[PDB]
Amino acid sequence: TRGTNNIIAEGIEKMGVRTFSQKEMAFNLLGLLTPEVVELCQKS
Amino acid sequence: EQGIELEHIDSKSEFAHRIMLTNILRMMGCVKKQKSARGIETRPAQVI
Amino acid sequence: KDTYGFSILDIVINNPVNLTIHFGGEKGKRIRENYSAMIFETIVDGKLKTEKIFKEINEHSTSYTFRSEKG
């Protein structure tokens, strides 16, 4: 995750790997709070 | 913590380990007692 | 407690302004179906007009809430 050592971010990415902005990881994390994955957690 | 290798682990890292693990455990444990002390058996808190 | 998720002793012991049920884990979900099966049937000229008592409780509800300004 890049935010306010990103200089090599472009390079690591040059290998088919993805780095993320903070708005992206936040969206990702927030997606674990969606009702769907919440109930999943409640099962195991 | 940066620039701290095995032999450098000291006061900072031990404290850091406390914030980043032991007290997180303590925190989950705390809300467990609260809920339980209130019979709250059907409203889990999700821990990311 | 085990079928509707509230304590009648509590309600009696300290008159609660409001009260929310939470349909938590596997037991939370067991509870809410008992809420979801509340039917009010109405035989009107041969026809049986049945409705859910708890309109809102459904497969996606996470809780219901009883309300009263007094208690």
Query - Cβ neighbours within 10 Å from other chains - mean over A:34-40 - result: 2
Query raised in the report: How much mean residue ellipticity at 222 nm does chain C get from its helices, if each DSSP H run of length 4 or more adds -39500 (n - 2.57) and you divide by all residues, to the nearest 500 deg cm²/dmol?
Result: -6500 deg cm²/dmol
Query - Theoretical ellipticity at 222 nm over chain B - DSSP helices of four or more residues, -39500 (n - 2.57) apiece, nearest 500 - result: -13000 deg cm²/dmol
**Report entry** Convex hull (Cα only) mean projected area of chain C, reported in nm² to one decimal
**Finding:** 6.1
**Report entry** Test item: C:27-37 mean partner chain Cβ contacts at 10 Å
**Finding:** 1
Report summary line: So the angle from the long Cα axis of helix C:26-36 to the longest Cα principal axis of chain C, reported in degrees to the nearest 10, equals 50
Query raised in the report: Given H placed 1.01 Å from N in the peptide plane, which residues other than close sequence neighbours of C:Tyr4 have an amide H under 5 Å from its amide H?
Result: none
Requested in this report: Multiply the residue separation of A:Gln22 and A:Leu40 by 0.36 nm, subtract the distance between their alpha-carbon atoms, and state the gained length in nm to one decimal.
Outcome: 4.0 nm
Query raised in the report: Using modelled amide H (1.01 Å from N, peptide plane; none on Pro or chain starts), what sits under 5 Å from the amide H of C:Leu19, excluding residues fewer than 5 places away?
Result: C:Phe66
Report summary line: Taking r as the C-beta separation of C:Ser63 and B:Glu7 and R0 as 45 Å, the FRET efficiency to the nearest 0.05 is 0.25
Report summary line: Averaging 1/r across every pair of distinct alpha carbons in the protein assembly as shown and inverting yields a Kirkwood hydrodynamic radius, in angstrom, of 21.1
**Report entry** Computed Kirkwood radius, in angstrom, where 1/r is averaged over Cα pairs of chain A
**Finding:** 12.3
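Using ideal geometry, Cβ is built from the backbone for each residue, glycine included, and neighbour counts are taken over all protein chains shown. Where a number appears in this text, it was derived from the coordinates with a stated rule and is not lab data.
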